[PDB]
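Throughout, a chain's letter reflects where its sequence line sits, starting with A, and its residues are numbered from 1.
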Amino acid sequence: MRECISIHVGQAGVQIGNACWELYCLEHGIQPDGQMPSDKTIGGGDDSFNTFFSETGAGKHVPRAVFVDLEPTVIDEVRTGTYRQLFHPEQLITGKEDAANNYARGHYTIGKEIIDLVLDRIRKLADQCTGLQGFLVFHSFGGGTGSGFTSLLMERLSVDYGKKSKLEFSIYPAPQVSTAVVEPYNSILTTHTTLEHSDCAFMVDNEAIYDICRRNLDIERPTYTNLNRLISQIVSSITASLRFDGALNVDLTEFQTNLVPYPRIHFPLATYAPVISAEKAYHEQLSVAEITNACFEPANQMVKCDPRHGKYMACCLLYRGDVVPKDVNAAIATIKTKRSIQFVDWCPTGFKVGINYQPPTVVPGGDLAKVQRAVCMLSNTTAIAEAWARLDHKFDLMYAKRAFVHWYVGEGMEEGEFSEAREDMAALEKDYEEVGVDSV
Amino acid sequence: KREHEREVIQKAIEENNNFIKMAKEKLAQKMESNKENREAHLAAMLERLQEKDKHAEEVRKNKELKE
Amino acid sequence: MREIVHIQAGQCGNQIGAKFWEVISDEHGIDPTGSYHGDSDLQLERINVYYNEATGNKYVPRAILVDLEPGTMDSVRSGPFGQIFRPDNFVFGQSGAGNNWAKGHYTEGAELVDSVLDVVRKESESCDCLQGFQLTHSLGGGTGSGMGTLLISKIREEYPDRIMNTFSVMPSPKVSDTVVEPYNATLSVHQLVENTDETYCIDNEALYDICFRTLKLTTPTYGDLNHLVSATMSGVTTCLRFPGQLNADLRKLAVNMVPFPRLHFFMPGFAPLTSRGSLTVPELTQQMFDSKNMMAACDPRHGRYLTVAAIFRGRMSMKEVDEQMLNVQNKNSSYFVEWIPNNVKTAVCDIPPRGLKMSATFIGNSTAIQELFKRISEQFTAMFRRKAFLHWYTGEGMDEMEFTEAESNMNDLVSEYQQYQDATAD
Ligand SMILES: CC(=O)O[C@@]12CO[C@@H]1C[C@H](O)[C@@]1(C)C(=O)[C@H](O)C3=C(C)[C@@H](OC(=O)[C@H](O)[C@@H](NC(=O)CBr)c4ccccc4)C[C@@](O)([C@@H](OC(=O)c4ccccc4)[C@H]21)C3(C)C
Ligand SMILES: Nc1nc2c(ncn2[C@@H]2O[C@H](COP(=O)(O)OP(=O)(O)OP(=O)(O)O)[C@@H](O)[C@H]2O)c(=O)[nH]1
Ligand SMILES: Nc1nc2c(ncn2[C@@H]2O[C@H](COP(=O)(O)OP(=O)(O)O)[C@@H](O)[C@H]2O)c(=O)[nH]1
Ligand SMILES: [Mg+2]
Ligand SMILES: [Mg+2]
């Protein structure tokens, strides 16, 4: 029961999915061949990790996941990689021609040729679930597949699965590792098209992860591997409540109840601590107080914005490792006296706390030090709208000249889809202003 | 109260079914509108290229006449 | 994989085409006999883009050699790498073009174009997923100018959803004496604006000035000029031939470089460039943005950049490359349009060229390219003013209106580049 299906779309989604499933196997003691010596339930079971792994008769624990990309070279690395025996070939779906950084090609010209096959494979995973809870969709904003194909999939998923929950991990574009000038276009197009089909979306700003890797890990020029290994730790913290059980464990859906006050306001701000190198961790044992204080340092946010200049509508703390409530409550009490935390007047000001006792782990040969305790804060702040504003401004600069629009029109799109998507973003920015105004 | 309980859950079913239905129709309209637009652009491209082919035959026909 | 079909037409096209296949065969470890003798698996990872794999583990260029006279193609066959080409892909006539665009486009070229299309289809049908075509030719002659643009329009009829890319050599009186070259160039550019997706402008005036002024070559030969083209052509195709993230295919390159369909004429550049009788990341960057290193006779500080692609080759600090690329953009922000944010993309390839340890290739879409077209337009209108040499073209069936329309279309191209150079955000 309570199974979750993961769907990794495009290069970013696939490569982040690689880091997540590797980290999941290490956390659960699953070997690269899928065997799990600790699991005495052979062929099945209702353990907490069974929400993310199915089980075969031969004792193989298979990710409940689909990998889809419109070109094959990235998923080909999964097919021949270390964890190639983890997945069945039917879970790794590829085309031959990618979307060329063009939302229109991912949503229409190329994506429509493979969408039925993708839904068929997703249906095959769903049929093995006794009580499917929903989907987790990993994709980039900037790519043609991550933007165009994802929105097509999300539209199709609403039709085939009704109101079944759909969560996103979305990769927000950054100039340091950007590959296309039209990434602001694809971002606005896919945000508008997916908005009504997503229940909750965790944006991950590549520039924020880039800075964290440079500043906190002393990495001169971070690679995707550097970024993805950090992103997987944050994804792990968020899904840990689904994959482990405990007395103090709080289900992600229960955090979701607090995080989403209106359907469109469903973009939580994530903050993760501690991100520290092995050299710096060797001296320091970072306490509950220290990692909690770090959650309110804006330099540790997954999206660059200033919460001090916004208002809070929710604040959740997801602890993992050697953490007891006594120390959490003491650390929160110190935070509330020394930190600028202003809530809107229409919601309570408490912090919702969850604790997973399973300590975090790291992939061998990584840069993150192995720590005894960690925490991911999920907050709903109006300040995250600053991320939309930066994208909308770049959209406006290009669209006023209709720059690159001919590539989209040539694939069948109309200018009206651009203006319609941009007005939806304007309304969304306006929605974030209104929810922060005091009542009367 | 029993009839109100049945009207609530009937409303929930009707709302979900209406969301599915309207999402299915909007998507079918977008894919059809996109298919027509892209085909129309490819048609205009070929018609311009075929206008160049007839012009190349009028040039060859014009050279033959002046002999 | 994602196959490109290569076509070379005319004397110049087959000349720079042969040099292109030698430089990249060396980089991929392919010998003149088609066998692989390299030492890195990165050489074979994307070899299918430009090479077929035949029996005996041989690698055959996916190339088609076209000319209206056998002279240039016989020298290619008996050249250094002549044995590597597929003998069935040699399509040549006998009559010749006589440096007449009308003969290449309408009469002698149209007589041979169907024979060229037959071998195009054979190569394209054998493609897992054809991405498009690249054509090497000159605009000043007859075969490459006239029949090259004819091949472009005929291929675009059968592959309308594929990318059409050209390496077009612009005529200059510093290199060629033929007087009707401004006519052939203007008639060809009229076709390239409509039927190609991206064109590298290989200006012979720039190649001469680089050889003369920079390289201290007193008497530049065609071998000298083509030496620069091969270094440039190797550079601008590195992203298509080796594993990479940026501009890895022709369509992604077009989406990054072409903000408006008609403005698809790129200004290529290379660094370093110094005479034989005479390096850091900051110096590579400054040189690659310098007018003296551009393969088009255009000063980029006379216009503004719409888009730029910069490829660094060799072992170097990526952190330093990122800093220097941000540095040159911030210090020269006036020369980049503010309404296209983040319009400079940078790639790094580990494997350097043969002779150098570090190099840089520059691909720029600059409104200063209008200086190149204004030069061709000025030479065109100086002859069309007095109706000079028109009888070579009317004798093939052409009317004066075609010349007027080609002159108006290129004048409009100049106005477009000026319109977007003057565009502002606020
Ligand atoms: C390219 C390059 O750097 O050119 C200059 C020119 O300014 C550069 C700066 C150099 O340092 C200088 C000066 C050399 O001193 C060097 O000793 C040296 C190299 C590295 C040779 O080039 C190589 O070996 C490369 O790997 C090369 N492949 C070929 O060129 C063989 Br087709 C390549 C480059 C880029 C991509 C793929 C392949 C060329 C050269 O003759 C010399 O150029 C010329 O005299 C020349 C004359 C006319 C036109 C063009 C060049 C050279 C020689 C002398 C052999
Ligand atoms: N964090 C992270 N970001 C990535 C990764 N790969 C790509 N990106 C980002 O994703 C954006 C580019 O989109 P991609 O996912 O690579 O493109 P795609 O989804 O495969 O779509 P197409 O290739 O155009 O068909 C850029 O902003 C990249 O920085 C990754 O592995 N990790
Ligand atoms: N850079 C370069 N330019 C050339 C070469 N051969 C010819 N050209 C130029 O091309 C123009 C003549 O075109 P040509 O190739 O002879 O025409 P075609 O063979 O009939 O198609 C002149 O402007 C020459 O300067 C070459 O090998 N290298
Ligand atoms: Mg991709
Ligand atoms: Mg000649």
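Interface remark: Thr73(A) contributes side-chain atoms only to the contact with chain C (heavy atom separation under 4.5 Å). Using a 4.5 Å cut-off between heavy atoms, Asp249(C) contacts chain A through its side chain alone, with no backbone atom that close. Of the two parts of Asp98(A), the backbone and the side chain both hold a non-hydrogen atom closer than 4.5 Å to a non-hydrogen atom of chain C. Heavy-atom distances place no part of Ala347(C) under 4.5 Å from chain A, backbone and side chain included. For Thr346(C), no part lies near chain A; criterion is any non-hydrogen pair under 4.5 Å. For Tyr224(A), the part lying near chain C is the side chain, with the backbone staying farther off; criterion is any non-hydrogen pair under 4.5 Å. Residue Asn101(A) touches chain C through both its backbone and its side chain, counting heavy-atom pairs closer than 4.5 Å. Only the side chain of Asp322(C) comes within contact range of chain A, with at least one heavy atom under 4.5 Å from a heavy atom of that chain. Contact annotation for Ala400(A): neither backbone nor side-chain heavy atoms come within less than 4.5 Å of a heavy atom of chain C. Interface remark: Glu338(C) contributes backbone atoms only to the contact with chain A (heavy atom separation under 4.5 Å).
Atoms CD and CZ, on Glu71(A) and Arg2(C) in that order, are 8.0 Å from each other to the nearest 0.5 Å. Atom CG in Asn256(C) sits 10.5 Å away from atom CH2 in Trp407(A) (nearest 0.5 Å). Put simply, CG on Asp161(C) and CD on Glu97(A) are 7.5 Å apart, with the number rounded to the nearest 0.5 Å.
Taking chain A as the reference chain and counting heavy-atom pairs below 4.5 Å, the highest number among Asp128(C), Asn247(C), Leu246(C), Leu326(C) is found for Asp128(C). When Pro72(A), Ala99(A), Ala180(A) are compared by the number of non-hydrogen pairs under 4.5 Å with chain C, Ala180(A) comes out ahead.
Contact of the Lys394(A) side chain with the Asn342(C) side chain is registered, since non-hydrogen atoms from C-beta on lie closer than 4.5 Å.
Between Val182(A) and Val255(C) the shortest heavy-atom distance is CG2-CG1, 4.1 Å. Of all heavy-atom pairs spanning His406(A) and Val258(C), the tightest one is NE2-O, 3.0 Å. The two residues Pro341(C) and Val181(A) have their closest heavy-atom pair at O-CG1, 3.7 Å. Across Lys401(A) and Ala425(C), no two heavy atoms sit closer than the pair NZ-CA, 4.0 Å.
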Residue pair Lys345(C), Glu183(A): steps toward the salt bridge (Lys or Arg N to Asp or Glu O under 4.0 Å) verdict: CA-CA 13 Å; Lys345(C) 297 303 176 187; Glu183(A) 283 189 67; 5.3 Å; no
